[PDB]
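Peer 1: Enclosed are the sequence and the experimentally obtained structure.
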Amino acid sequence: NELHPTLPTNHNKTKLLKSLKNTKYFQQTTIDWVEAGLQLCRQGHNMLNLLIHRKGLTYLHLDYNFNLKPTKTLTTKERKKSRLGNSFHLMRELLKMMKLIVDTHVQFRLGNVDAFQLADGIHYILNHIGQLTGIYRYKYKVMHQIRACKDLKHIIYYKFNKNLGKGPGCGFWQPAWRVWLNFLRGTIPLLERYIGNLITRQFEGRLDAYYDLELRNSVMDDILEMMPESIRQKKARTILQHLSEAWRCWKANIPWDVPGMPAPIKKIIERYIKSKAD
Amino acid sequence: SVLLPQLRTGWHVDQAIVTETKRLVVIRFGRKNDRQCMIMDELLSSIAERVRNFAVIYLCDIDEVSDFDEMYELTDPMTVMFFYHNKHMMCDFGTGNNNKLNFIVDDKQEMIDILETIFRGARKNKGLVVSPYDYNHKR
Amino acid sequence: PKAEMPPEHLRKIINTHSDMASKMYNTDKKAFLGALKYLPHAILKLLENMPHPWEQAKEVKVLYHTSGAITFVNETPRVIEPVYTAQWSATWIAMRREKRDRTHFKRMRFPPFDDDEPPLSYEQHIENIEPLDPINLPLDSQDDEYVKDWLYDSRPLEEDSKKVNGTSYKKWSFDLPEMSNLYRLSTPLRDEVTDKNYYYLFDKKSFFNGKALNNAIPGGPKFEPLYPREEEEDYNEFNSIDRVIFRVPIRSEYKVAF
Amino acid sequence: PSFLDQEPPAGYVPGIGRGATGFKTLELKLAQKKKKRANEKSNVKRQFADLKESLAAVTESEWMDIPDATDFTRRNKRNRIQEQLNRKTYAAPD
RNA sequence: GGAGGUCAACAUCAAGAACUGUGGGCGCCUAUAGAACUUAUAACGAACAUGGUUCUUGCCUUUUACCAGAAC
RNA sequence: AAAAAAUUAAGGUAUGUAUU
């Protein structure tokens, strides 16, 4: 991190949320953080289902834990239809993680948990996201974050669970939280583009290989540009043939001199050959 | 490229598919500027003469006629789509989409085999054929 | 211009919204299509704004869609660094004591709700329920008098004029005793060899050198080479073993140091 | 290519006739956002182009009387001989 | 008038000496743009995530996955 | 009282006739 820092200047942008708010559609207020969390879970749930619905995948369903299941064992033809992209799954798993965290606060609010257990739980959640969600199946990269969290677990427990020291309690979660907060920051826009593109489609539906072919195209155009357009097409086809023949002749060491040709044309083709040869 | 003709309306596409009873109708769907839609436009043009007796070729541009984008679902620079007696033909190149063609084929020869295979299998009403060379790895 | 409104309006919208639900609200290009895409952004504000283990609850400002499409959380957490440090250390203390207190510490099962089980409404199920008190600490009243009166608020200091910038909460300054309490409380969490001298071969520069030279310190991390080729090993008069005089390891630490 | 010539449809959709089978404020805001980024954020032709201007001079009679199809390697003859040589095979004797 | 506004809009954003151009005021002073050099990249942020290209390590020679180094 | 995990996914659609 220290060795390859970045440094940005962005005069240009004023916030998504500051901009988003302006105009008729949006409104602002206050709310219980938990309540908001609950809303978010439902929103995501609905939106993913909408996507699925639009795609016609009526034999799949999401449960309230964001697990995608089959309603009927499907045929391989239907399985091919079902093959759903990684980006979608990254969103889904992301939501799953979020849901999990929210739910523990809900249960604490119910008073069924314990403030200490709660802290231990959310700590645990962050540490073990690779097991609880399995998101890594759709980005393998995220392992870096997972491994980091694991390492943090090891260090912190050595520091307070080596006195007194066996099971849970714990409840410190700052470090691991930070890791995931940064991770998300780095992925948001990828998902935004994928989703955005998807939705607009819902409403819409040198090198050797490259160079030689471009070369011809450029040359033919200009020559086809000058053609008096009483005779353009006929005049052209034989225009193509000379380039092919002159390039054959270059290969074979035959000179390629021709009877009646205007000097200007004869220049261009030689220039082309010199370029192609190189 | 100027060898092979172009189709300037979706109504030129449809009549062209119908009126050719005895031969394949091969179409490249894609747009002039593309890197990969220029390359195929070559490998076909060279082949079009050799094959004139069983296959007919045309060129179409997604931007010129966008009417056909949703029905056949066209994505990426270009798609090669084969038609015989109004019946959309279909082949498995080992690539995991049996409809149309995507990738750029490499040799002139391996391209002529595929056309020839499709025609021969097609003549018998068979809806699937197998490309002898399966470029799943390639694309 | 941009007025704030009552939360009951929002509640009304979502009460209406549930009915609209899912596929039936297919139309909405102007609200639904626009609202969702930035929805992932919305998650970031909420997680970042997690309430913290000493808070009972956090009320936050949100931007919601009139259609009931989405909720974004408005607030950004501005904290006072020494205070925040002290607060976290406080809870660290508490955790150790609590663990000492009993053997059977129950950890959560996880997947808190059943797959098919639907959402409990916050408004009825939760709003009545009560906070149930959180962590905190039994700070001595005499020692931490200045600190204790405010230590566990969402703003570590309310809106003092002398103590603080003001309402906005950028910029802060304390008295000496305030600092000393904060410092003393934060001590368990922050322990370092404060002298520059302890980090003789553990600073950034030394790491950079170890990387560049492909010679990690025993403690230190090790990278790939950076410079590829170690191929040339040419015996020669300048180099030759009869000519050289041999004592000492020439440990990698020497290489980094010099 | 007779159809290629003609140019007129009925006011007709392409899919249906053949018998075909298939195998605003938010927007404005988005546009604005994009703009806030555009604001913030060939050779071959050059080489030749200069020649192409050079061409302009040439007369229309000369454009016509241009020799048309000259082969200098006799590629066709050699290719045919090669195909004939490579045609059949034979079985090796016992 | 003043503080505060978790309200917005519009500009810029490391610092310094020295060259060139433009504008204003009475050769001098001030502002803006470009180029070069230094500081340590003392930090616009004692925080640090993702992606594209080009190279170099492993690969099924495939990915909407990656391994771990480099530069842009 | 000697010891279980740290790896993921696409390249897997039978034609063909008949009915809707």
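Peer 2: Arrived safely, thanks for sending. Numbers count the residues shown, from 1 in each chain, chains lettered A, B, ... in the order given.
Peer 1: Pretty sure residue B:9 sits against residue B:65.
Peer 2: Yes: the pair residue B:9 and residue B:65 qualifies as a contact (Cβ atoms under 8 Å) at a distance of 6.3 Å. From N, CA and C alone the C-beta is placed, and that goes for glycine too.
Peer 1: and residue A:181, helix, strand or coil?
Peer 2: Three-state call for residue A:181 (DSSP: H, G, I helix; E, B strand; the rest coil): helix.
Peer 1: show me the contacts for it.
Peer 2: Residue A:181 makes contacts with C:44, C:47-48, as judged by Cβ atoms under 8 Å, 6 or more residues apart in numbering or on different chains.
Peer 1: Just those residues: which are in helices?
Peer 2: C:44, C:47-48 (DSSP state H).
Peer 1: Contacts for the host helix or strand of residue A:189 next, please.
Peer 2: Per DSSP states H and E, residue A:189 falls inside helix A:188-202. Here helix A:188-202 makes contact (Cβ under 8 Å, 6+ apart) with A:51, A:54, A:85, A:87-88, A:90-91, A:94, C:33, C:36-41, C:44.
Peer 1: make it 10 Å
Peer 2: For helix A:188-202, contacts defined as Cβ atoms under 10 Å, 6 or more residues apart in numbering or on different chains pick out A:16, A:47, A:50-51, A:54-55, A:85-88, A:90-91, A:94, A:139, A:184, A:204, B:70, B:75, C:26, C:29, C:32-34, C:36-44, D:27, D:30.
Peer 1: Check these one by one and keep those near RNA strand F.
Peer 2: Among the contacts of helix A:188-202, the ones lying near RNA strand F by Cβ under 7 Å from any atom of the strand are residue A:86.
Peer 1: now the contacts of helix A:188-202: which count as buried?
Peer 2: Burial by neighbour count, 16 or more other Cβ atoms under 10 Å in any protein chain shown: within the contacts of helix A:188-202 this picks out A:16, A:47, A:50-51, A:87-88, A:90-91, A:94, A:139, A:184, C:32-34, C:36-44, D:30.
Peer 1: Among the residues you listed, which ones are in helices?
Peer 2: Short answer: these in helices (DSSP H) are A:16, A:47, A:50-51, A:87-88, A:90-91, A:94, A:184, C:34, C:36-37, C:39-44, D:30.
Peer 1: Just the residues contacting stretch C:14-28, thanks.
Peer 2: Here stretch C:14-28 makes contact (Cβ under 10 Å, 6+ apart) with A:35, A:38-39, A:42-43, A:45-47, A:49-50, A:52-54, A:202, C:10, C:31-36, C:64-65, C:67-69, C:71, C:119, C:121-123.
Peer 1: What's the end-to-end length of it?
Peer 2: In stretch C:14-28, first residue to last residue: 16 Å (Cα to Cα, to the nearest Å).
Peer 1: Same check on stretch A:1-11?
Peer 2: End-to-end distance for stretch A:1-11: 24 Å, by Cα to Cα.
Peer 1: hmm, it touching chain C?
Peer 2: Yes: against chain C, stretch A:1-11 shows contacts by Cβ under 10 Å from any Cβ of the partner chain at A:2-3.
Peer 1: How about the helix or strand harbouring residue A:96, which residues are buried there?
Peer 2: Using DSSP H and E, residue A:96 sits in helix A:86-110. Residues of helix A:86-110 classed as buried: A:87-109 (neighbour count, 16+ other Cβ under 10 Å).
Peer 1: Would you list the phi and psi of the closest residue to residue B:25 other than its chain neighbours?
Peer 2: Once flanking residues are discounted, residue B:25 sits nearest to residue B:83: 4.4 Å by Cβ to Cβ, 6 or more residues apart in numbering or on different chains. Backbone torsions for residue B:83, taken as degrees, to the nearest 10, come to phi -130, psi 140.
Peer 1: dump the residue contacts of residue A:87.
Peer 2: A:138-139, A:190-191, A:193-195, A:197-198.
Peer 1: do that again at 7 Å, thanks
Peer 2: A:191, A:194 (Cβ atoms under 7 Å, 6 or more residues apart in numbering or on different chains).
Peer 1: Now a PyMOL select for only the buried ones of the contacts of stretch C:14-28.
Peer 2: This is how PyMOL selects the buried members of the contacts of stretch C:14-28, with burial counted by 16+ other Cβ under 10 Å:
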select buried, (chain A and resi 35+38+39+42+43+45+46+47+49+50+52) or (chain C and resi 10+31+32+33+34+35+36+64+65+67+68+69+71+119+122)
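Peer 1: neighbours around the residue of the stretch 51-200 of chain A found nearest RNA strand E, how many?
Peer 2: RNA strand E sits closest to residue A:186 of the stretch 51-200 of chain A, with a gap of 1.9 Å, by Cβ to the nearest atom of the strand. Per other Cβ atoms under 10 Å in any protein chain shown, the neighbour tally for residue A:186 reads 10.
Peer 1: which residues touch residue 44?
Peer 2: Answering for chain A, as no chain was given. residue A:95.
Peer 1: meant chain D, my bad for not saying
Peer 2: Per Cβ under 7 Å, 6+ apart, neighbours of residue D:44: A:214-215, A:218.
Peer 1: Please, which helix or strand holds it?
Peer 2: Going by DSSP H and E, residue D:44 is part of helix D:43-55.
Peer 1: How about residue C:63?
Peer 2: Counting by DSSP H and E, residue C:63 is part of strand C:59-65.
Peer 1: what comes into contact with stretch A:260-278?
Peer 2: For stretch A:260-278, the external contacting residues (Cβ under 7 Å, 6+ apart) are A:212, A:215, A:219, A:242-243, A:246-247, A:250, D:48, D:51, D:54-55, D:57-58, D:62, D:65-67.
Peer 1: how about a cut-off of 6 Å?
Peer 2: A:215, A:219, A:246, A:250, D:51, D:54-55, D:58, D:62, D:67 (Cβ atoms under 6 Å, 6 or more residues apart in numbering or on different chains).
Peer 1: wait, which of the residues you listed is closest to RNA strand F?
Peer 2: residue A:215 (34.2 Å).
Peer 1: Once you drop chain neighbours, what's closest to that closest one?
Peer 2: Closest to residue A:215 by Cβ to Cβ, 6+ apart is residue A:276, at 5.9 Å.
Peer 1: got the buried residues for stretch A:78-87?
Peer 2: A:82, A:87.
Peer 1: As PDB, could you dump the C-alpha coordinates of it?
Peer 2: Extracted C-alpha coordinates of stretch A:78-87, given in PDB (Å, rounded to 0.1, in the frame of the first residue of the first chain):
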ATOM      1  CA  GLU A  78     -33.500 -25.400 -18.800                       C
ATOM      2  CA  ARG A  79     -30.200 -25.600 -16.900                       C
ATOM      3  CA  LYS A  80     -28.500 -23.800 -19.800                       C
ATOM      4  CA  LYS A  81     -31.200 -21.100 -19.600                       C
ATOM      5  CA  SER A  82     -30.600 -20.800 -15.900                       C
ATOM      6  CA  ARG A  83     -26.900 -20.300 -16.200                       C
ATOM      7  CA  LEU A  84     -26.800 -16.900 -14.600                       C
ATOM      8  CA  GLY A  85     -23.800 -14.500 -14.700                       C
ATOM      9  CA  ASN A  86     -21.300 -14.000 -11.900                       C
ATOM     10  CA  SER A  87     -22.100 -10.300 -11.600                       C
END
